[PDB]
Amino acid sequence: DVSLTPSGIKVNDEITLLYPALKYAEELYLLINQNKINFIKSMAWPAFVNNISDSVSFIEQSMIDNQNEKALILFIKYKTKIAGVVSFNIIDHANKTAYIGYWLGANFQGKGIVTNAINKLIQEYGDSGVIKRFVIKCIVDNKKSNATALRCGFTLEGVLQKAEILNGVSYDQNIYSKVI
């Protein structure tokens, strides 16, 4: 499979999913900083990114988790730029289940980048038999995240009551799955 390269997974001509490396720390930090105000509306971590060392710490932990298959953290490269992150935030090996996460900088939204990334990951991990069940959990009111889940052919399984906390407030989640 020529799309599986040493630097990452080649989705298409424009998109590569990069394996984390410390060299990406600065660009990733600047991307987060540029998107901090908008990101806080949907995710819990951005309020806690204040300096480049927070980016370094994230990369260090991601590399540890990738090494030990606790997670699969990938940096989305669109053309020449890091666009965001797509991940298996949790890999449950015993149950062959992966829980998916994603985010994109504002300047990279509306381009099908995450949908293309997710389709590629499900091909590579699903059709190979490594993962049988893929899961997306997202807050009910998150319009774009719900749209992405459906765009990727996931099926709504239920509503998880008060399951995700942002700023001390618990919100309901939709849980979606794609089963191989």
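Each residue number is its position in the shown sequence, starting from 1.
As listed in the deposited structure, the average C-alpha B-factor of 133 to 141 and of 39 to 47 is greater for 39 to 47. Stretches 49 to 57 and 66 to 74 differ in mean CA B factor, with 49 to 57 having the higher one. Note on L17, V159, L166, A163: the highest value goes to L166, judged by CA B factor as recorded. In this PDB entry, the Cα temperature factor of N33 sits in the top third of its chain's modelled residues, the highest group. Among the modelled residues of its chain, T155 has a C-alpha B-factor that falls in the middle third according to the deposited record.
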